[PDB]
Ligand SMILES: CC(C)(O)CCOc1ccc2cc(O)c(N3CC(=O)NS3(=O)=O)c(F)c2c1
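Here we start with a single chain on its own, the form deposited without the named molecule, put down as structure tokens.
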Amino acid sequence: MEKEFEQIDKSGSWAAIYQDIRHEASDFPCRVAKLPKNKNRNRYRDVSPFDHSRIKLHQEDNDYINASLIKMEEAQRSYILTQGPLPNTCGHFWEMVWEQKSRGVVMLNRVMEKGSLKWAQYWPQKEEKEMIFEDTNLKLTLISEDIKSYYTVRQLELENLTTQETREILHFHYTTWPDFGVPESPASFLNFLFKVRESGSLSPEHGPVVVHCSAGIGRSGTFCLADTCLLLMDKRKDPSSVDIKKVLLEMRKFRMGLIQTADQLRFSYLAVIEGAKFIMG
């Protein structure tokens, strides 16, 4: 599958293959995302969850969050992909984490987008300054933080203030994806994926991992896509039969737009190729 990658490179046809994908991709209604009452719950007018796979919040008012369940039947793994929370949706974000019983959150964007403008900070920066989400009745505490060269892992305590029940959530933040373009080497992204796997966060004993970036479709899509293709290569008789384009189209049945550029598609192929070589040994 590496020689095919070499053939697409030699051919210069990454854009063509990427457009074949956008063309073939599923189209399902997003009627709930488009209701006038939810406008302010979407970060981007052109990225919405399909009605069929959207995550529903359990509380009473309005069950809408821009988040989709991606359920990969053959790999036996599920992910929830969601946009970076808005100042008004951080309460909803953690309510979803609570309700879906997720153990991990994986973030692939910057909160200070490029050098532009800091986005809503949805976890506490300081141990002594915990956050209380009044609308969803949740308290969130930073317990520890470990800053490595290419990612930061934080341990958070999430408490449901109704029941006083408490859960440890692991937050994995990949911090070195370049502000434009894609990493030239997938080695730190793969190491990050393997750290998240090692943590047990992706175990089917837990709710699905919550994955996000800016719109929850590009960098996020790369994480989910590389993870799933690597699972399938490890699970199939013939690891050889894994077709990344087919796996991505399958993912796109659950959330639109996964993998946002031809360069991200090529990077995803490259990460699966290098991952396989590493997991091959």
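Numbers follow the displayed sequence, beginning with 1.
The discussion below concerns the form deposited with the named molecule bound, not included here.
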Wondering, does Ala67 line up within 4.5 Å of the named molecule in the entry with it bound on heavy atoms?
no
Does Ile55 make contact with the named molecule in the entry with it bound, using a 4.5 Å heavy atom cut-off?
no
Any chance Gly115 has a heavy atom within 4.5 Å of the named molecule in the entry with it bound?
no
Those residues of 37 to 65 with a non-hydrogen atom no more than 4.5 Å from the named molecule in the entry with it bound are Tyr44, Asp46, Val47
